[PDB]
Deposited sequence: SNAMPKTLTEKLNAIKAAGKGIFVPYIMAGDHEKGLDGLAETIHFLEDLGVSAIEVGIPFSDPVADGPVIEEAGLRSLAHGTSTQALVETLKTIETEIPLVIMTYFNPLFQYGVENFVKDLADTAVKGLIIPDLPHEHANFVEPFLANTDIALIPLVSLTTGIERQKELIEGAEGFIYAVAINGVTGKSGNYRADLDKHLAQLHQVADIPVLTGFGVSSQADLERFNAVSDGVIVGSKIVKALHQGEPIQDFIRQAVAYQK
């Protein structure tokens, strides 16, 4: 198509028998932060550089909190890789359905289609991708079409009900309710119950369950609970957690 101006400009320098010189700078690494970027660029322009590489600093998307953040670091230090996890999961036989929770990047690096196909014969029945926006569900949903893997949607309890209906339309597996300042104190119990009524599949409460009291409260207004930090921490530190789980599983009505 239309030739790109960067190719043209570099070809011209080469054609003139001059060496191409491209400095790299980190955007925002300046006394004035991003307000220093123009100054740096013009400084390099004045010296007649061919082009300038402008780096964007990398921030991770992990928002799970310290207990789980540390568990991830321990896991990586044991040499855990996505590929090795998939292979290990093929090994494991269980009647319990497994739900994979991952951020998008590891999935993307592995290959979404590959990941789904490689788990076809496993105990994996669900997939949660916390940083995948609803508008970009097409990155995963097509590959789950013929499979036994449900894409679980994360639904914010504080958003309007029409928005929640949109998120959960065509949802499979279950609905993961999340609740994240403001002079307005939201009644979480009310919102949870409202979501519960509206949904055609099970609604689980996925925040703030650390005690039997928490567990009973949320079971009154939903189908159940997801418990993360407490279990991860207990397993790591060797605290007994059997009693808590036994009691939780035995919740009736």
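- The chain's deposited sequence has unresolved stretches at 1 to 2, 183 to 188, with no C-alpha coordinates there.
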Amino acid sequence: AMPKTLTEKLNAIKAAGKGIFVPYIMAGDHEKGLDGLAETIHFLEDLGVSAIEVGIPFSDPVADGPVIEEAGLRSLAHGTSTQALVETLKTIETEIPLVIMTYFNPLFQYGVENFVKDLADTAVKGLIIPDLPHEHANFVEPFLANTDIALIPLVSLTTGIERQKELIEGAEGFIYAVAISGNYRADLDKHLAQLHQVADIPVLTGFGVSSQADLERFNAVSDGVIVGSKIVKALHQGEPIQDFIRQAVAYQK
From here on, numbers count along this sequence of modelled residues.
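- For the pair 96 to 104 and 134 to 142, the mean B factor over Cα atoms is greater in 134 to 142.
- Look at the mean CA B-factor for 69 to 77 and for 160 to 168 in the entry; the higher one is 160 to 168.
- Of the candidates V112, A150, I180, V155, it is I180 whose Cα B-factor is highest according to the PDB record.
- Of the candidates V22, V232, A16, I25, the deposited coordinates give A16 the top C-alpha B factor.
- Remark: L192 belongs to the middle third of its chain, ranked by C-alpha B-factor as recorded.
- When the modelled residues of the chain are ordered by their C-alpha B factor, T40 lands in the middle third.
- Sort the modelled residues of the chain by CA B factor and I52 lands in the lowest third.
- Remark: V198 belongs to the highest third of its chain, ranked by C-alpha B-factor as recorded.
- When all modelled residues of the chain are sorted by CA temperature factor, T205 is found within the lowest third.
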